[PDB]
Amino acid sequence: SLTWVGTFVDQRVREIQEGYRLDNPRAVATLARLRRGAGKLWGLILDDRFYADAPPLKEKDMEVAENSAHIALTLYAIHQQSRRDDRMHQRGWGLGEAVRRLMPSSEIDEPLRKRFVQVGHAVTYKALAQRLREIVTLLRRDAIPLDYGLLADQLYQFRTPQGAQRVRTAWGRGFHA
């Protein structure tokens, strides 16, 4: 189940993803602009549907939710690029499960596992986005999908130390599942 952040992102990425599948020019330009924007327009990512269902919010929590949606959409744009055959956003694909497919189910690639572990220990959202980008690049090369609604939720959940621990634990569990 997704909260309001992940529910929006799931619906928005599905829209762009189906448009990219159809080779729709607006969808193609939107994903390209999202990639060119990486590490740096609102109206492409976030529309009134995102704000309309939002629950009461603490002081800087809207900014974090907007940033979480922005990171998720940018990562998806990088993930989907030139992948004509398959959808890179699929519900139910946790980040730990996806990363584990990069190695034999028999084995653990220690340098990759070390890097994956380090993703959850990012001190800022900028570092977290940069670390996730490296992982999604690898997932793209193997054509492994991810659930971007779920990821957006977890990005938002990261704002508190206790939420970050819960996210690291979910990724840890999915990696060994």
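So that there is no doubt, residue numbering starts at 1 and follows the sequence shown.
Mean CA B-factor, 124-132 versus 50-58: the higher value falls on 50-58. The stretch with the higher mean CA B factor, choosing between 162-170 and 12-20, is 162-170.
Of the residues listed, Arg141, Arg33, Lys40, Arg26, the entry assigns the biggest Cα temperature factor to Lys40. Split the chain's modelled residues into thirds by C-alpha temperature factor. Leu150 is in the middle one. Looking at the C-alpha B-factors along this chain, the one for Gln118 belongs to the highest third. For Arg84, the recorded CA B-factor ranks within the highest third of the chain. Only modelled residues enter the ranking.
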